[PDB]
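The structure appears right after this line, and notes come after that.
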Amino acid sequence: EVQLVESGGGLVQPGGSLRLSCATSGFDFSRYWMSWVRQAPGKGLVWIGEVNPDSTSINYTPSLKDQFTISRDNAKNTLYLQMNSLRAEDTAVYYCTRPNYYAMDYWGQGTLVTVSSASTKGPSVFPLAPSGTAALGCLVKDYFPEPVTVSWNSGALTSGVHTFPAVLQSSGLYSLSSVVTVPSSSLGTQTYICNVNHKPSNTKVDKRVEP
Amino acid sequence: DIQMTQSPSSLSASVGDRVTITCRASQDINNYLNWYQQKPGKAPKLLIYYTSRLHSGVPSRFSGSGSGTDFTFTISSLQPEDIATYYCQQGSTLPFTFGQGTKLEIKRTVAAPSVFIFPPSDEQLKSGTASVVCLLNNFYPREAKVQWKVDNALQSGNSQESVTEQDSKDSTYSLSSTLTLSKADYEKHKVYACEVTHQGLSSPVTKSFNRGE
Ligand code: NA
């Protein structure tokens, strides 16, 4: 099936530049127009622009034409977004999308770009251990910028999982917890590992959680 | 640029309800109107295109109507998996523009939380910090009170709460309350407890542990 995977999101200083990439699979990329859409945290969707297959037509929303340059590499089935001199108002999740029919039928999961004068910091990962139903988890502490992704048992465990929205601590660093409820009889039996990924700092941590 | 306005901006409805959302365009866009659904923590998904055409694999309960400047999106019978923010999008003139979204929430019966307490790990303690976590799992309504008790006495420390969005299967919420203390302060007390008050609980529920046990 059609797959759209964005990468490159992280911390950008105000006035800074960054290039995003959208790697595709499951379709002949060279035959399709491609687009970018953004969404500021807790806000609406904003169309950035589109590129036709041979790159002869590139259209942008007028208010953002200075901040963005759209390009593509048909040989690599990759869409790019060159971000220029970003502002605090440009903090958003950036989605690559595929137009079809004037509708966008496929969307990537998006990549978050944070525009801030602070510094990047990887998280510390700690177990939340239990002692009919039991709960366990992982505490993902002191990171910047957002986001962190958490999976359980490399994605084999999904039912009963709750990954909480991050909280901004007094230190200006983020923290979140990911929890899962399981049968209590499985505590001695099954292995539980949370897989934490913080792409902005290239931090990957696998933490075994034992009672 | 064509301005797209949605109404209501937010609504609560019950499973089984017919739900109708409107979209109005600043100028005539003929029938070039699309609807997207965005589930919590997920990317938008195309539901309806060209005002009334269902996209491939979209449930028959979703429909669209209108023309010119006024459009309607209807869910014939609301399902728990329909919890989302819905957006309209005009495709008549460049730049393509979206409505501000309609956040659809679900009203359901009271569900009491299941409560769990977690001590700080020995790994975190070695670093100089102690975070104590109280989990309130799968409850409804969103309103809940969590109180930290240290040695059966009320503690007025640094505690922060986080709440999930409504679950797509049972429309419940979960909440975490995290008490952060320095290792030195964590060691000034023995019993750590979190006391929970919620509409589904006839009397408050306490979960506790003894430091070192
Ligand atoms: Na359900």
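Neighbour counts are summed over all protein chains in view; Cβ atoms, including those assigned to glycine, are modelled from backbone coordinates with ideal geometry. What is reported rests on the model, the rules as stated and the sources as named; nothing here is a laboratory result.
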Within the range B:52-104, which residues are more than 25 Å from the chain's Cα centre (by Cα) and basic (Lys, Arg)? B:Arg53
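Residues are listed down the side, and each one gets a yes or a no for (1) in contact with a strand residue (DSSP E or B) (Cβ under 6 Å, 6 or more places away or on another chain); (2) surrounded by fewer than 18 Cβ atoms within 10 Å (Cβ to Cβ):
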| site | (1), (2) |
| --- | --- |
| B:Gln38 | yes, no |
| B:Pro44 | yes, no |
| B:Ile48 | yes, no |
| B:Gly57 | no, yes |
| B:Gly68 | no, yes |
| B:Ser77 | no, yes |
| B:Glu81 | no, yes |
| B:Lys107 | yes, yes |
| B:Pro119 | yes, no |
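Quick one: is A:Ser55 of a type in the set (S, T, N, Q), over 21 Å from B:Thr97 (Cα atoms) and in a loop (DSSP other than H, G, I, E, B)? Working first, answer last.
Numbers: of a type in the set (S, T, N, Q): yes; over 21 Å from B:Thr97 (Cα atoms): yes; in a loop (DSSP other than H, G, I, E, B): yes.
The answer is yes for A:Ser55.
For the range B:78-96, give me the residue count where each residue is more than 16 Å from the ligand (Cβ to nearest atom) and of a type in the set (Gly, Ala, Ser). Even if it seems obvious, please write down each step before you answer.
To start, the set of residues in the range B:78-96 that are more than 16 Å from the ligand (Cβ to nearest atom) comprises B:85-96.
Next, only the ones that are of a type in the set (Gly, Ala, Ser) stay: B:91-92.
The number of residues fulfilling the criteria is 2.
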Need the failing condition index for B:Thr22 against (1) more than 14 Å from chain A (Cβ to nearest Cβ); (2) farther than 28 Å from A:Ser63 by Cα; (3) surrounded by 14 or more Cβ atoms within 10 Å (Cβ to Cβ), just the number. (2)
Only one residue in A:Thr149, A:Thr61, A:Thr97 is under 30 Å from A:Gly188 (Cβ atoms) and within 14 Å of chain B (Cβ to nearest Cβ), so which one is that? A:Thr149
Can you find a residue that is within 14 Å of another protein chain (Cβ to nearest Cβ) and farther than 30 Å from B:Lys42 by Cα anywhere in the range B:158-166? yes
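Among what's in the range B:170-207 and is of a type in the set (S, T, N, Q) and in contact with a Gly (Cβ under 8 Å, 6 or more places away or on another chain), pick the residue that is nearest to B:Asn158 (Cα to Cα). Show your work before the answer.
The first filter runs over the range B:170-207 and keeps only residues of a type in the set (S, T, N, Q), leaving B:171-172, B:174, B:176-178, B:180, B:182, B:197, B:199, B:202-203, B:206.
Right, trim to in contact with a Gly (Cβ under 8 Å, 6 or more places away or on another chain) and you get B:180, B:182.
Working: B:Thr180: 6, B:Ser182: 10 Å.
Here the answer is B:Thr180.
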Failed item, numbered, when A:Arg31 is tested on (1) within 14 Å of chain B (Cβ to nearest Cβ); (2) out of contact with any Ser or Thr (no Cβ under 9 Å at 6 or more places or on another chain): (1)
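Rundown of residues vs (1) among the hydroxyl-bearing types (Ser, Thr, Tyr); (2) surrounded by 14 or more Cβ atoms within 10 Å (Cβ to Cβ), yes/no style:
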position	(1), (2)
A:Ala156	no, no
A:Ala166	no, yes
A:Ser184	yes, no
A:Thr189	yes, no
A:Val205	no, yes
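Go through the range B:164-192 and give me each residue that's assigned to a strand (DSSP E or B) and crowded, with 16+ Cβ neighbours inside 10 Å. Explain how you work it out, then say what you get.
Initial filter on the range B:164-192 (assigned to a strand (DSSP E or B)): B:173-182, B:191-192.
Across the range B:164-192, the qualifying residues are B:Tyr173, B:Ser174, B:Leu175, B:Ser176, B:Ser177, B:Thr178, B:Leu179, B:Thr180, B:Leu181, B:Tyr192.
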A:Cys138 being touching a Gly at 6+ places or on another chain (Cβ under 7 Å) and in a strand (DSSP E or B): no
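Of the residues that make up the range A:10-20, is at least one hydrophobic (A, V, I, L, M, F, W, C), within 16 Å of A:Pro99 (Cα to Cα), in contact with a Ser or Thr (Cβ under 8 Å, 6 or more places away or on another chain) and part of a strand (DSSP E or B)?
In the first step, residues of the range A:10-20 are kept if they are hydrophobic (A, V, I, L, M, F, W, C); the result is A:11-12, A:18, A:20.
Those left that are additionally within 16 Å of A:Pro99 (Cα to Cα): none.
Checked the range A:10-20: no residue is hydrophobic (A, V, I, L, M, F, W, C), within 16 Å of A:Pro99 (Cα to Cα), in contact with a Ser or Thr (Cβ under 8 Å, 6 or more places away or on another chain) and part of a strand (DSSP E or B).
Among the residues in the range B:60-69, are any in a strand (DSSP E or B) and of a type in the set (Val, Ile, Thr)?
The initial filter retains those residues of the range B:60-69 that are in a strand (DSSP E or B), namely B:62-67.
This time we only want the ones that are of a type in the set (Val, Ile, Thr), so: none.
Scanning the range B:60-69 turns up no residue that is in a strand (DSSP E or B) and of a type in the set (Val, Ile, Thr).
Residues of the range A:153-195 being away from every other protein chain (no Cβ under 14 Å) and under 27 Å from A:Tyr94 (Cβ atoms), which ones? Explain how you work it out, then say what you get.
At the first step, the residues of the range A:153-195 found to be away from every other protein chain (no Cβ under 14 Å) are A:153-157, A:185-186, A:188-191, A:193, A:195.
If the condition is that a residue be away from every other protein chain (no Cβ under 14 Å) and under 27 Å from A:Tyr94 (Cβ atoms), then A:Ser154, A:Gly155, A:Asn195 are the ones that fit.
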For the list (1) assigned to a strand (DSSP E or B); (2) assigned by CATH to the domain that holds A:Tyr192; (3) among the acidic types (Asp, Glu), I need the number of the one condition that A:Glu146 fails. (1)
Residue within the range A:71-81 that is under 18 Å from B:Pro95 (Cβ atoms), in a helix (DSSP H, G or I) and more than 14 Å from chain B (Cβ to nearest Cβ) present: no
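When you check B:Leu47 against the structure, is it assigned by CATH to the domain that holds B:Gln90 and touching a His at 6+ places or on another chain (Cβ under 7 Å), yes or no? I'd like the intermediate steps shown before the answer.
Values: assigned by CATH to the domain that holds B:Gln90: yes; touching a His at 6+ places or on another chain (Cβ under 7 Å): yes.
Taking the combined requirement at face value, the residue satisfies it.
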Name the residues in the range B:74-110 that are hydrophobic (A, V, I, L, M, F, W, C) and within 14 Å of another protein chain (Cβ to nearest Cβ), would you? B:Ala84, B:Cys88, B:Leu94, B:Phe96, B:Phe98
Condition (residue is under 21 Å from B:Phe96 (Cα atoms) and in contact with a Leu (Cβ under 7 Å, 6 or more places away or on another chain)) applied to the range A:14-26: is it met by at least one residue? yes
If we scan the range A:115-126, do we find a residue that is buried (at least 22 other Cβ atoms within 10 Å of the Cβ) and within 11 Å of chain B (Cβ to nearest Cβ)? yes
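Listed here are the residues, each with its yes/no results for (1) within 14 Å of chain A (Cβ to nearest Cβ); (2) within 20 Å of A:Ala135 (Cβ to Cβ); (3) within 16 Å of the ligand (Cβ to nearest atom).
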{"position": "B:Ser177", "(1), (2), (3)": "yes, yes, no"}
{"position": "B:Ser182", "(1), (2), (3)": "yes, no, no"}
{"position": "B:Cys194", "(1), (2), (3)": "yes, yes, no"}
{"position": "B:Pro204", "(1), (2), (3)": "no, yes, no"}
{"position": "B:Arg211", "(1), (2), (3)": "yes, yes, no"}
